[PDB]
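Sharing a structure, written as structure tokens. Questions coming.
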Amino acid sequence: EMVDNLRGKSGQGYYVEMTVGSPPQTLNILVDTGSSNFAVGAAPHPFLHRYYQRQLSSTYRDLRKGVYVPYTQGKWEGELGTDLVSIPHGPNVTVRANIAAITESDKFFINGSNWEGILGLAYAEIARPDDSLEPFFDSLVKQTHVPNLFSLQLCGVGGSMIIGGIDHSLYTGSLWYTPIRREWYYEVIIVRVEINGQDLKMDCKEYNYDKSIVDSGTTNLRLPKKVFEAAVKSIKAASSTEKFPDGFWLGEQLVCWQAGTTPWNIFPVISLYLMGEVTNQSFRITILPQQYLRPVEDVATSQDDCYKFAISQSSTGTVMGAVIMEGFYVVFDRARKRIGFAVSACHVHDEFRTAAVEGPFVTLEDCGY
Ligand SMILES: COc1cccc(-c2cccc([C@H](NC(=N)N)c3ccncc3)c2)c1
């Protein structure tokens, strides 16, 4: 019943249907592992099909507290309250949770994304205005007998969010676990990066400057400047039979090929080696160009297949975004403070290569900041 409960894409976000208030008001909500507030549009907007009308809910309680969230690309603001919340294609429960009613925003809502709010699945440490605001998943666990775990199968129906468990039909092979370094974002540690089997040969701390996170609310694989520049150099060298505009590598412009002729074989695989559950042991997640080249669907360019390079520079650490998660079944095992990865039953691949999750690997220094 929870299988296939997500819709959406890496570019615009994956979403789950939710209900807020009594009588319930149906809303589409972005599944965001990179934030911790349950924040919903609560006032009309040109990009919103519907919104939260607190006046219609008898169960709404005003917390008499404002919330202002300016971020690098834009802002959201509104006010805090609590109300009854349910996930129609999730667990069979109703919980009372904190809700940030978004009354004003700048570059937050996306035209045609089909979502009206965000379900921030990360920890209280990063909740706004401060850490006393209990995130949704914490309320769900405290109030019910739902196990403290959730899993995400993002399929480039658009995917599945399994609350309280792991669904075996969603993956193949083994689940490999990386520890959650600190409970704020879903922070992890990358120990090694290879591009077409070639080690980038950087000190492993470089990969996690200043943190590395698993974020369903970011499109791209985002890398620290030093790592990004080496990655681009290695991908350029492997795909040298074709020369693309510099705007392509900057994730600014599209690369197009006649429909059905994308030369997948000229692009390398990228392996991210994640820290294992035991000392100096690791496992690798392998990404194909089918993951790092994000198609941009547009009827006007439809004689071709056009893509954006979905690897970009970060000044805030590594972000394993939606394009990376698309290759795998990702278990957020909060109860055991660990993140599991397994090959997704829905990942996009070809007759030559498959995305992989494999290990163990042995190295004989700490890779964290
Ligand atoms: C791949 O999914 C996507 C795609 C497109 C947009 C968004 C998205 C839209 C708005 C905000 C966020 C954004 N979430 C991030 N995790 N970066 C956020 C920022 C501040 N407060 C809460 C959440 C993310 C998420």
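We count from 1, first residue shown onward.
This deposition comes from X-ray crystallography, 1.9 Å.
Quick reminder: no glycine exception, Cβ is built from N, Cα and C everywhere.
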If you check Swiss-Prot, which of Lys142, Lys205, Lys236 turns up marked as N6-acetyllysine?
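Going through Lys142, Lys205, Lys236 one by one, Swiss-Prot annotates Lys205 as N6-acetyllysine.
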Consult Swiss-Prot and report which candidate among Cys204, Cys306 shares a disulfide bond with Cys256.
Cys306
Run through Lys65, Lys308 and tell me the one Swiss-Prot describes as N6-acetyllysine.
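Checked Swiss-Prot: the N6-acetyllysine annotation sits on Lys65.
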Check the candidates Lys107, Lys211, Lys337 against Swiss-Prot and report the one noted as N6-acetyllysine.
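Among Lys107, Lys211, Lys337, the residue Swiss-Prot annotates as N6-acetyllysine is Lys211.
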Taking the recorded positions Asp32, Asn111, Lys211, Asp215, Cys306, which residues show a Cβ-atom distance to ligand 1 below 6 Å?
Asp32, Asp215
Spatial neighbours of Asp215 (active site) among the recorded positions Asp32, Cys204, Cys256, defined as Cα within 10 A: which are they?
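Qualifying among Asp32, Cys204, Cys256: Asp32.
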On the three-state reduction of DSSP, what should I expect for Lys226 (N6-acetyllysine)?
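Its secondary structure by DSSP: helix.
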Please check the gap where 2 residues are unmodelled: Cα of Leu364 to Cα of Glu365, in angstrom.
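Per the coordinates, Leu364 lies 9 Å from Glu365, Cα to Cα.
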